[PDB]
Amino acid sequence: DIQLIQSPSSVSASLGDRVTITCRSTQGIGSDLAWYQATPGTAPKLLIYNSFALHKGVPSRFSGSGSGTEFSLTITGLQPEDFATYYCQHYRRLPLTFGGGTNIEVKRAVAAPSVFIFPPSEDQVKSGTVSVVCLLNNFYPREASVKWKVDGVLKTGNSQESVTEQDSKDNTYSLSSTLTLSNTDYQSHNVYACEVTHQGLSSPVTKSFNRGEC
Amino acid sequence: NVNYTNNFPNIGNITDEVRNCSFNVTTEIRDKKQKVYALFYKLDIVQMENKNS
Amino acid sequence: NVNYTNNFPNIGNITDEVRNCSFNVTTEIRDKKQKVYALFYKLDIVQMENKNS
Amino acid sequence: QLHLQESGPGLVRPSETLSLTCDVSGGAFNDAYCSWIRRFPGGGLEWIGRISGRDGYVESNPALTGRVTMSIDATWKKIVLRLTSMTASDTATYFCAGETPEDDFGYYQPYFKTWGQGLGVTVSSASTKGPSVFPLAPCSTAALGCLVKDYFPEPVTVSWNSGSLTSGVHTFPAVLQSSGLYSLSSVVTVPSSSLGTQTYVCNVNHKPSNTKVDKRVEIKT
Ligand SMILES: *[C@@H]1O[C@H](CO)[C@@H](O[C@@H]2O[C@H](CO)[C@@H](O[C@@H]3O[C@H](CO[C@H]4O[C@H](CO[C@H]5O[C@H](CO)[C@@H](O)[C@H](O)[C@@H]5O)[C@@H](O)[C@H](O[C@H]5O[C@H](CO)[C@@H](O)[C@H](O)[C@@H]5O)[C@@H]4O)[C@@H](O)[C@H](O[C@H]4O[C@H](CO)[C@@H](O)[C@H](O)[C@@H]4O)[C@@H]3O)[C@H](O)[C@H]2NC(C)=O)[C@H](O)[C@H]1NC(C)=O
Ligand SMILES: *[C@@H]1O[C@H](CO)[C@@H](O)[C@H](O)[C@H]1NC(C)=O
Ligand SMILES: *[C@@H]1O[C@H](CO)[C@@H](O)[C@H](O)[C@H]1NC(C)=O
Ligand SMILES: *[C@@H]1O[C@H](CO)[C@@H](O)[C@H](O)[C@H]1NC(C)=O
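## Quick notes on the overall build of chain D
Tallying secondary structure elements over chain D gives zero helices and 18 strands in all. Against the globule reference of 17 Å for 221 residues, chain D gives a C-alpha radius of gyration of 23 Å, more extended than a compact globule. With respect to the three principal axes, the spread of C-alpha positions in chain D is 75 × 40 × 25 Å.

## Structural notes on the domain arrangement of chain D
Partitioning chain D into structural domains gives domain 1 (3–121) and domain 2 (132–206). Taking the mean C-alpha position of each, domain 1 of chain D and domain 2 of chain D sit 38 Å from one another.

## A closer look at a nonpolar patch on the surface
Residues and elements named next belong to chain B. On the surface, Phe23, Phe40 and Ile45 cluster together into a nonpolar patch covering about 210 Å² of accessible area. Its location among the elements puts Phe40 in strand β2 (residues 33–41). The class of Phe40 is partly exposed, set by a relative accessible area of 33%.

## As for the pattern of salt bridges
Pairs can form between side chains of opposite charge whenever their charged atoms are close. Inspection of every chain in the model, using the stated rule, returns 10 salt bridges over all chains. We note a salt bridge from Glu105 of chain A to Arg142 of chain A, for which the minimum N-O separation is 2.6 Å. Placement of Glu105 of chain A in strand β10 (residues 104–105) and of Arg142 of chain A in the loop between β12 (130–137) and β13 (146–148) is noted, with a sequence separation of 37 residues between them. Among the charged side chains, a network of salt bridges with common partners joins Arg38, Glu46, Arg67 and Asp90 of chain D.

## Here we look at the site of ligand 2
Residue and element names in this part refer to chain B. Around ligand 2 sit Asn1, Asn13 and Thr15, and those are all the residues in its vicinity. At a separation of 2.5 Å, an oxygen atom of ligand 2 approaches a polar side-chain atom of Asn13. One of the side-chain nitrogen or oxygen atoms of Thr15 is found 3.4 Å away from an oxygen atom of ligand 2.

## Some details on the site of ligand 1
Around ligand 1, a shell composed of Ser22, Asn24 and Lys33 of chain C together with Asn30, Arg54, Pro101, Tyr107 and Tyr108 of chain D is seen. The local environment of ligand 1 is shared, drawing residues from chains C and D. In this structure, an oxygen atom belonging to ligand 1 sits 2.3 Å away from a side-chain N or O atom of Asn24 of chain C. In the environment of ligand 1, a nitrogen atom lies 3.2 Å from a nitrogen or oxygen atom belonging to the side chain of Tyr108 of chain D. Burial of ligand 1 by the protein chains amounts to 33% of its free accessible area of 1400 Å². Split by residue class, the shell around ligand 1 holds three nonpolar, three polar and two charged.

Rules of the game
- Residues numbered from 1 in each chain as written, not as in the entry; some residues may be left out.
- Chains lettered and ligands numbered in written order.
- Part of a larger assembly, values for the part shown.
- Heavy atoms only, no water.
- Residues with missing side-chain atoms left out of burial classes, pairs and counts.
- Helix = DSSP H or I, 4+ residues; strand = E, 2+ residues; numbered from the N terminus.
- Rg over C-alpha atoms; globule rule 2.2 N^0.38 Å.
- Domains from an automatic or database assignment.
- Patch = residues over 30% accessible without salt bridge, like charges linked within 9 Å, V, L, I, M, F, W, Y side chains within 5 Å.
- Areas by Shrake-Rupley, 256 points an atom, 1.4 Å probe, with all protein chains shown as cover.
- Salt bridge = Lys/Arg side-chain N within 4 Å of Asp/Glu carboxyl O.
- Buried < 20%, exposed > 50% of the residue type's maximum accessible area, 1.4 Å probe, protein only.
- Near = heavy atom within 4 Å.
- Polar contact = N/O pair within 3.5 Å; in protein donor to acceptor, adjacent residues only side chain to side chain.
- Nonpolar A, V, L, I, M, F, W, Y, C, P; charged D, E, K, R; others polar.

Structural data, given as structure tokens:
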């Protein structure tokens, strides 16, 4: 019944920065609110209750604030465990709707994506399927659009994506852009080139394979 | 309601001015509550939180 | 408090004479209560039964 | 202290009841309220109905208007969550958290103090299927890979040379397609100076099947 919208849905900062979040409500929830630090793969850990009362045991740098409808959270120092998904929850009246979930990550080592291409192997032809993938590596930030000019026409929908989490060495990601087809359609068209979009690079690098044995 | 309503002035219609609100009151006995309905003009009722109340 | 407190009389402090007293108020969610706080002098409250009440 | 651990059945057939049971250890819900929270992949968290300890009373999210049913028993360490007509969009990590019984600012405030461990449940028909391994190889910095298709269930370990888990190992998250059978890609980043000489053995293994298959990258021209 009550929709909580938290902003920004994606933000990145380095070690020891000053980070702020907001969780705006559509109805007045008084001072009833709770904040969580839900690392993926594990249960969330409570941080704030009643929108300003720090929980016991948790680090006391989570100087929460906000009252009424505009609720905000502030962090002074950043630990390695700070970078995780945050959720804002209300408990004013039923139902107990949660928040969308903001993200905090390290923002360092800006670089350009490395585009790869791998035409399907011969033993993938033994089965009635085609497995061709255009790999993306060493890029920042996460968002990127991969285009596939199939003879100049984009048969969109078959471009699957799978991004690994933030890196602990050079702070990058890795998307697996693949288009799984069959033998009756893969051999029909001529060119299968994957083109991506990014800001750190100069020109979108086109990667493809020669029509035939490659 | 009647349809033509003697539309000589043709000013409007009282819908979107009244609300048909139900609430729980107490009868002549304190230990008994009854649910009753009433028509209230929109100028007599204020909308608190939980907009459907 | 401040430290000196203008310690000319050196009599005492208002603690052990005042108390927090807090009491329930009902809320929207069923079986949920909010505590309302106040400071009351010991001369205005009496302990009936079930100590700390 | 209070510890909440739940095992339940696990994976179940579509359109079948998910009777998850949460175990309370150390404490007891003699007066507190127990709640169920499920976490979809990504996205956020959706609150499921609530149960009291002194009395048997069940709340429910209006979205799940009639699908939910809860039970409590004599001892206050056993609790069961019952869902009816469970659809195919009910994959989540069903948590188990208890409401705060008292606080400086109120009583029985429903903000979850201690969570449980939960379990990542998924629902799909045509479940049982053995993994199928495909290799990856360019035609002419490059990389290789070991794709695993139509495997069940999660997960499938990807052993890169059984000791080469050091650099460029971008094991991507598993993906689910419309066919209901998962696809999992793999890669290890290698430069263009050790190609065609050193074998890149890729011993991808699935725990219930042990799909020990050996493969290497080849450059064909
Ligand atoms: C602001 O509001 C808050 C909340 O509203 C309020 O705090 C509450 O105050 C009330 C009244 O003092 C408390 O109610 C008591 O609850 C006791 C716990 O009951 C549970 O446990 C019973 C037994 O299991 C436990 O037994 C012992 C007890 O100590 C324990 O060690 C064990 O480990 C075990 O866990 C259990 O039987 C009971 O369930 C019964 O009751 C319900 C409700 O009636 C009934 O439906 C069930 O079928 C079942 O019969 C429950 O699960 C309880 O012991 C205690 O009972 C005494 O009082 C009754 C009634 O007066 C008498 O008949 C008798 O003397 C009993 O001994 C009583 O019910 C409640 O727990 C507080 N809530 C808190 C603290 O969160 C504040 O006071 C308010 N602020 C103010 C007033 O300033
Ligand atoms: C009520 O008022 C509206 C407002 O114009 C009008 O359109 C309608 O005909 C009136 N009568 C009924 C029965 O709705
Ligand atoms: C009146 O009380 C009954 C039972 O107590 C309840 O079902 C109904 O929703 C109430 N109506 C209101 C509060 O308008
Ligand atoms: C108040 O007076 C008492 C006298 O026993 C003293 O011990 C205490 O330090 C004083 N201050 C406070 C804050 O209690």
